[PDB]
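Chemist: mmCIF, C-alpha atoms, file data32.cif:
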data_target
#
loop_
_atom_site.label_atom_id
_atom_site.label_comp_id
_atom_site.auth_asym_id
_atom_site.auth_seq_id
_atom_site.Cartn_x
_atom_site.Cartn_y
_atom_site.Cartn_z
CA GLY Y 1 63.52 -47.96 -81.91
CA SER Y 2 60.53 -47.61 -79.49
CA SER Y 3 57.80 -49.67 -77.65
CA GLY Y 4 54.46 -49.63 -75.70
CA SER Y 5 50.86 -50.94 -76.08
CA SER Y 6 47.39 -50.59 -74.34
CA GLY Y 7 43.85 -52.13 -74.59
CA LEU Y 8 42.27 -48.67 -75.28
CA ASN Y 9 39.99 -47.73 -78.22
CA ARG Y 10 40.56 -44.65 -80.50
CA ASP Y 11 37.60 -42.34 -81.36
CA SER Y 12 39.70 -40.39 -83.96
CA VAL Y 13 43.35 -39.98 -85.20
CA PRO Y 14 45.28 -36.90 -83.87
CA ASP Y 15 47.64 -34.60 -85.85
CA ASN Y 16 50.55 -35.98 -83.69
CA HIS Y 17 50.13 -39.84 -83.63
CA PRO Y 18 53.43 -41.92 -83.50
CA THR Y 19 52.46 -44.02 -86.66
CA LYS Y 20 49.80 -41.91 -88.46
CA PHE Y 21 50.27 -38.37 -89.86
CA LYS Y 22 47.56 -36.01 -91.19
CA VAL Y 23 48.84 -34.74 -94.60
CA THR Y 24 47.68 -32.56 -97.55
CA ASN Y 25 48.77 -33.29 -101.14
CA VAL Y 26 50.30 -30.17 -102.82
CA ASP Y 27 51.26 -29.04 -106.35
CA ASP Y 28 54.31 -27.36 -108.04
CA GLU Y 29 53.32 -23.99 -106.36
CA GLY Y 30 52.63 -25.62 -102.92
CA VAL Y 31 48.81 -25.06 -103.11
CA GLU Y 32 46.56 -27.48 -101.22
CA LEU Y 33 44.61 -30.01 -103.33
CA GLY Y 34 43.26 -32.75 -100.98
CA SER Y 35 43.66 -33.97 -97.36
CA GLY Y 36 44.66 -37.53 -96.23
CA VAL Y 37 46.29 -39.65 -93.47
CA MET Y 38 49.74 -41.12 -94.18
CA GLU Y 39 50.41 -44.42 -92.35
CA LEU Y 40 53.93 -45.81 -91.66
CA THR Y 41 54.11 -49.54 -90.80
CA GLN Y 42 56.65 -52.39 -91.28
CA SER Y 43 54.82 -53.58 -94.48
CA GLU Y 44 54.73 -50.35 -96.65
CA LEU Y 45 53.54 -46.68 -96.93
CA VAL Y 46 49.74 -46.11 -97.26
CA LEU Y 47 47.51 -43.03 -97.86
CA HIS Y 48 43.96 -42.96 -96.47
CA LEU Y 49 41.38 -40.38 -97.75
CA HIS Y 50 37.64 -40.00 -98.72
CA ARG Y 51 35.30 -42.55 -100.56
CA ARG Y 52 38.06 -42.52 -103.30
CA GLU Y 53 40.46 -45.51 -103.62
CA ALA Y 54 43.32 -45.79 -101.06
CA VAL Y 55 46.96 -45.62 -102.34
CA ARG Y 56 50.03 -47.77 -101.50
CA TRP Y 57 53.86 -47.67 -102.01
CA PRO Y 58 56.35 -50.44 -100.94
CA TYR Y 59 59.68 -49.27 -99.43
CA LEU Y 60 61.43 -51.13 -102.34
CA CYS Y 61 59.94 -48.52 -104.75
CA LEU Y 62 61.26 -45.57 -102.61
CA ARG Y 63 64.60 -44.77 -104.32
CA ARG Y 64 64.59 -41.48 -102.29
CA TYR Y 65 62.51 -39.96 -99.41
CA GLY Y 66 62.93 -36.26 -98.42
CA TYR Y 67 61.79 -33.64 -95.89
CA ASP Y 68 61.81 -29.79 -95.64
CA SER Y 69 60.05 -27.01 -93.62
CA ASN Y 70 56.47 -28.37 -93.25
CA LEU Y 71 57.01 -30.48 -96.49
CA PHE Y 72 57.35 -34.28 -97.07
CA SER Y 73 57.99 -35.89 -100.53
CA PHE Y 74 59.02 -39.16 -102.29
CA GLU Y 75 60.09 -40.44 -105.78
CA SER Y 76 58.71 -43.74 -107.27
CA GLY Y 77 59.31 -45.76 -110.49
CA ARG Y 78 56.80 -46.87 -113.18
CA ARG Y 79 56.21 -50.27 -111.40
CA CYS Y 80 53.94 -48.96 -108.54
CA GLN Y 81 50.11 -48.35 -108.22
CA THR Y 82 50.27 -44.64 -109.29
CA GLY Y 83 53.04 -45.03 -111.91
CA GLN Y 84 56.18 -42.94 -112.44
CA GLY Y 85 56.13 -39.59 -110.54
CA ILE Y 86 57.05 -37.46 -107.49
CA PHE Y 87 54.34 -36.83 -104.85
CA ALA Y 88 54.60 -34.02 -102.22
CA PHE Y 89 52.58 -33.32 -99.07
CA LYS Y 90 52.30 -30.46 -96.56
CA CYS Y 91 52.64 -31.76 -92.95
CA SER Y 92 53.53 -30.15 -89.55
CA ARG Y 93 55.64 -33.31 -88.68
CA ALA Y 94 57.56 -33.98 -91.97
CA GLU Y 95 60.87 -34.48 -90.03
CA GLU Y 96 59.23 -37.05 -87.66
CA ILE Y 97 58.02 -38.91 -90.81
CA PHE Y 98 61.60 -38.79 -92.22
CA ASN Y 99 63.02 -40.00 -88.82
CA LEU Y 100 60.53 -42.95 -88.75
CA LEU Y 101 60.88 -43.95 -92.47
CA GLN Y 102 64.61 -44.72 -92.10
CA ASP Y 103 63.81 -46.86 -88.95
CA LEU Y 104 61.54 -49.16 -91.06
CA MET Y 105 63.56 -48.92 -94.34
CA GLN Y 106 66.75 -50.11 -92.54
CA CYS Y 107 64.70 -53.02 -91.06
CA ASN Y 108 63.64 -54.69 -94.42
CA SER Y 109 60.78 -56.70 -92.68
CA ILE Y 110 61.73 -60.03 -94.42
CA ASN Y 111 58.40 -61.95 -94.50
CA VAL Y 112 57.64 -60.41 -91.00
CA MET Y 113 53.94 -61.47 -91.49
CA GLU Y 114 52.35 -64.36 -93.48
CA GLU Y 115 51.42 -62.92 -96.93
CA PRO Y 116 48.94 -64.45 -99.49
CA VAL Y 117 49.93 -66.01 -102.88
CA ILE Y 118 51.84 -63.49 -105.13
CA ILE Y 119 53.39 -63.50 -108.68
CA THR Y 120 56.92 -64.01 -107.14
CA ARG Y 121 56.02 -67.78 -107.24
CA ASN Y 122 57.54 -70.10 -109.91
CA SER Y 123 55.64 -69.95 -113.28
CA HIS Y 124 56.05 -69.13 -117.04
CA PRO Y 125 58.77 -66.49 -117.94
CA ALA Y 126 57.74 -62.83 -118.49
CA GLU Y 127 59.02 -59.20 -118.42
CA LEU Y 128 60.27 -58.79 -114.80
CA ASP Y 129 62.74 -56.33 -113.18
CA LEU Y 130 66.51 -57.09 -113.31
CA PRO Y 131 69.04 -56.95 -110.37
CA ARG Y 132 72.27 -54.89 -110.02
CA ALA Y 133 75.31 -55.44 -112.34
CA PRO Y 134 79.12 -54.95 -111.82
CA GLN Y 135 81.13 -52.13 -113.47
CA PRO Y 136 83.23 -53.52 -116.43
CA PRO Y 137 87.08 -53.44 -115.97
CA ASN Y 138 89.59 -51.40 -118.04
CA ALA Y 139 91.78 -52.96 -120.79
CA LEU Y 140 95.65 -52.92 -120.92
CA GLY Y 141 97.89 -51.85 -123.88
CA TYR Y 142 101.10 -53.38 -125.34
CA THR Y 143 104.71 -52.38 -126.33
CA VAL Y 144 106.17 -52.17 -129.89
CA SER Y 145 109.11 -54.05 -131.52
CA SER Y 146 112.11 -52.86 -133.67
CA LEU H 1 47.87 -37.19 -106.31
CA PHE H 2 49.82 -34.40 -108.13
CA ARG H 3 52.85 -35.51 -110.24
CA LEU H 4 55.74 -33.02 -109.71
CA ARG H 5 58.33 -32.04 -112.38
CA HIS H 6 61.35 -32.47 -109.99
CA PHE H 7 62.22 -33.30 -106.32
CA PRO H 8 61.31 -30.40 -103.88
CA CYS H 9 63.95 -31.45 -101.25
CA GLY H 10 67.78 -30.91 -101.14
CA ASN H 11 68.54 -33.12 -98.04
CA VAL H 12 67.84 -36.86 -98.62
CA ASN H 13 69.02 -40.34 -97.57
CA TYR H 14 69.00 -42.89 -100.46
CA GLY H 15 67.57 -46.16 -99.00
CA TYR H 16 66.91 -48.75 -101.75
CA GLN H 17 69.52 -49.14 -104.58
CA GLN H 18 67.14 -51.36 -106.68
CA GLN H 19 64.70 -50.40 -109.53
#
Would you mind writing the file out in C-alpha cells?

Modeler:
Amino acid sequence: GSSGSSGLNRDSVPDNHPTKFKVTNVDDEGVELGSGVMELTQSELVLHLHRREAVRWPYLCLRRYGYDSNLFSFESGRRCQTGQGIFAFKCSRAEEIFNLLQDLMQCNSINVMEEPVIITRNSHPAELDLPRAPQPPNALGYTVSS
Amino acid sequence: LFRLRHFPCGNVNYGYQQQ
C-alpha cells in the first residue's frame, strides 16, 4: 500500500523508480545477455527493450515468483506469449520487485479497467484450461461371517 | 529471453493455484 501523484514530466527512467526496474536477462551461469525495463502495474508484468517486440505475462500465469541476492526470476506455463519456461534477471532491487509483486497479486484487479473484446466471451466450444478439482475420498471395508 | 533448466531461488511465495 502507497500513494502520491504530480503533474511533472519524466525525461528518463531511473534505476530506482517505484513501478519500473532496470533489469538484465541472464543465463544458467548468470552471464548478461540483454538489458530491459521491467514494469509492475495492476494489469500484468511487462518487459520493455530495444526495437525488438515487447513481452508480457499475466499474474494468473505466475505460479511462483522468487528473489535472491541481486537476482529476480519467475516460472510460467505453456499458455503465455513466450511459452513454457523460467526467466531470470539481474537487478539491484530484486527484493523491492518481490515486495511489490505480492501487493498486486493479492489484489486480483477484477476488471479494474475497461478491457476490449476477448475470447472469454460466449462462442463455439474448444480446448480451454480446466479449474481445480477435489481430492477423492477413501473407501471402507467390511466384516466376515461364520 | 533465456529459458532456464530449473528455478534459481529457494525462498518463494506461491500466489496463483491455477494452471

Chemist: With 6 Å as the limit and counting only C-alpha atoms, what residues in chain H lie close to chain Y? Please list them as a list in words.

Modeler: residues 2, 3, 4, 9, 12, 14 and 16 of chain H

Chemist: Tell me which protein, DNA and RNA residues are within 10 Å of region 112-117 of chain Y, counting all atoms listed in the file, leaving out same-chain ones fewer than 3 positions away, and put them as a PDB file with C-alpha atoms, in the frame of the given file.

Modeler:
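This is the output file result.pdb:
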ATOM      1  CA  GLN Y  42      56.650 -52.390 -91.280  1.00  0.00           C
ATOM      2  CA  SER Y  43      54.820 -53.580 -94.480  1.00  0.00           C
ATOM      3  CA  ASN Y 108      63.640 -54.690 -94.420  1.00  0.00           C
ATOM      4  CA  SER Y 109      60.780 -56.700 -92.680  1.00  0.00           C
ATOM      5  CA  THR Y 120      56.920 -64.010-107.140  1.00  0.00           C
ATOM      6  CA  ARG Y 121      56.020 -67.780-107.240  1.00  0.00           C
TER       7      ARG Y 121
END

Chemist: State, in Å with one decimal place, the distance from CA of residue 139 (chain Y) to CA of residue 17 (chain H).

Modeler: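 Separating CA of residue 139 (chain Y) from CA of residue 17 (chain H) is a distance of 27.8 Å.
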
Chemist: What separation in Å, quoted to one decimal, exists between CA of residue 11 (chain H) and CA of residue 70 (chain Y)?

Modeler: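 Computing the Euclidean distance for CA of residue 11 (chain H) and CA of residue 70 (chain Y) yields 13.8 Å.
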
Chemist: How many Å lie between CA of residue 51 (chain Y) and CA of residue 118 (chain Y), rounded to one decimal?

Modeler: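 These atoms are spaced 27.1 Å apart.
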
Chemist: Excluding residue 57 (chain Y) and residues on its chain fewer than 4 positions from it, collect all residues at most 7 Å away from it, counting only C-alpha atoms, and give them as a VMD selection string.

Modeler: chain Y and resid 44 to 46 61 80

Chemist: Can you turn the PyMOL selection byres ((chain Y and resi 22) around 7) into a concrete residue list for this file, as a list in words?

Modeler: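 In the shown coordinates, the PyMOL selection byres ((chain Y and resi 22) around 7) covers residues 15, 20, 21, 23, 36, 37, 38 and 91 of chain Y.
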
Chemist: For residue 15 (chain H), which residue among Y:1, Y:107, Y:13, Y:19 is the nearest when counting all atoms listed in the file?

Modeler: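 Nearest candidate to residue 15 (chain H) out of Y:1, Y:107, Y:13, Y:19: Y:107.
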
Chemist: Of the residues Y:140, Y:133, Y:119, Y:47, which is the one nearest to residue 18 (chain H), using all atoms listed in the file?

Modeler: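 Residue with the minimum atom-to-atom distance to residue 18 (chain H): Y:133.
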